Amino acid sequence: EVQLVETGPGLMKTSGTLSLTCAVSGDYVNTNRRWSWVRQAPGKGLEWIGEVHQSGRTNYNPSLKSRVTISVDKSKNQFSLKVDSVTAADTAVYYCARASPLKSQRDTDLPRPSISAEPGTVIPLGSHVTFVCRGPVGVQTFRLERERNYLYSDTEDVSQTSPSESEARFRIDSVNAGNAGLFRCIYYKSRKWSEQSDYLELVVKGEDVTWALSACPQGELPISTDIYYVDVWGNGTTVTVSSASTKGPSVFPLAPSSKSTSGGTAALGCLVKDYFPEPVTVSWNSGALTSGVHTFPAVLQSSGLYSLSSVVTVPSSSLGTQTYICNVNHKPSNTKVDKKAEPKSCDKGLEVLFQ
C-alpha cells in the first residue's frame, strides 16, 4: 500500500549541508501521522533523528537538534531532512519512516476517544493552542472537558478523515493562566455518551511562572494521548561522507607459498587496497569460479579509504592445472583490473631487501 523512497547524495563531502528527501506514495502527508528520520551507522544500530507533525511542529533528538531541520512539502507529498556541518561519524544509512497512532484491532464501535494539542502542551501566555479530539466515524457531538473548575464545550462540526475516524477542533486564541490544567474529550454518538479520553495536561509559561499541576523524564510532556509507532520504513539510502576523492584500487595477489607443508586443500586470494567509493565487485575467472569464494567486508582505515580481500580455496593439486584470475571492477572510477594469482618460483633464489 504505502511506500516511502529516500533520495539524496550517495557520496557527500565533509563539512557540508546534507539534504535528503523522502517521497511518499500511496498516502497523503497532510494526515495525522508523524513523518520521521532514523539513522543507522555501519554496524551500530538505530538512532532516531526526528519527526515532523501535521501541524508543522518538528521534534529533534537533542543529540543533533543543533544541526537538524525537518520540513514538509504537501504539494509533491514529500518531506525533507537537512543536517548541517557533518562529521565523518554522520556516515550512515538513513531511513524515513511513518509513525502512526496504531490502535489495538479491538473494535467496540464505541472506542475511547483521544485528545491532542497543536502546536503542543506547553504554550506561552497569550499564544494560541488547539485541541484535536478524535474518535470513531459517525460522531455526532464532541465535547472538550476541563477537570479543575469544571467547564466543558460542545462542538458539532466533525469531519470524516477516514472510514473509521472522525475529529473535531477547539481553539483557544489567547491562553491565560486559568486555562492551564487537565483536558479530555468525550463524544456523543448512537444516542449515548462515550468513555472519557485520558487526560492531557496543558501548561502555560509566563515571565517567571509555570502554571502546571504538581510520567516522563525531565520535561517533554506528551502532546497526544495516542502513542505513535513507526509502521512504515523506507528501504533507506546509504550516505557516505569523507574528506577524500574517487580513486581506483591497488590489487595485490595473496599466493599460497608454493610449497608450504600444504595438505589436502589450498587457499589463495586477492587484496584490493585503498579505494574510496564504497562498492567494488570481485568475481573470479569472470564467473566460472563460484563455490568456495569468500570476499570480506571493506574496512575504513584512517586513510579515509577502504580495503578488502577476496579468497578462494582450491584443490592443492591445481597449481598448473588451472590459472586463477581475480576480476575486480570499481565502477565509480570504472577501474576494471584483473590479476592472475600464482605462487612464486623457487628458481630465482633468495630475495634480499634493504633501504
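Numbers for residues come from their place in the sequence shown, where the first is 1.
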Missing residues, deposited sequence, between residue 214 and residue 215 (class: none, 1 to 3, 4 to 9, 10 or more): 4 to 9
Pick between 90-98 and 278-286: the one whose mean CA B-factor in the entry is higher. 278-286
When the C-alpha temperature factors are averaged for each of 29-37 and 316-324, which stretch ends up with the higher value in the entry? 316-324
Selection by C-alpha B-factor (highest) of 196, 243, 162, 174: 243
Quick one: which of 185, 81, 129, 209 shows the highest Cα temperature factor in the PDB entry? 209
Sorting by Cα B-factor within the chain, modelled residues only, which third would residue 310 end up in: lowest, middle or highest? middle
Rank-wise, by C-alpha B-factor, drop residue 64 into the lowest, middle or highest third of its chain. highest
What third of the chain does residue 190 rank in for C-alpha temperature factor, lowest, middle or highest? middle
Chain-relative CA temperature factor third for residue 303: highest
Which third of the chain holds residue 264 when residues are ordered by C-alpha B factor: lowest, middle or highest? highest
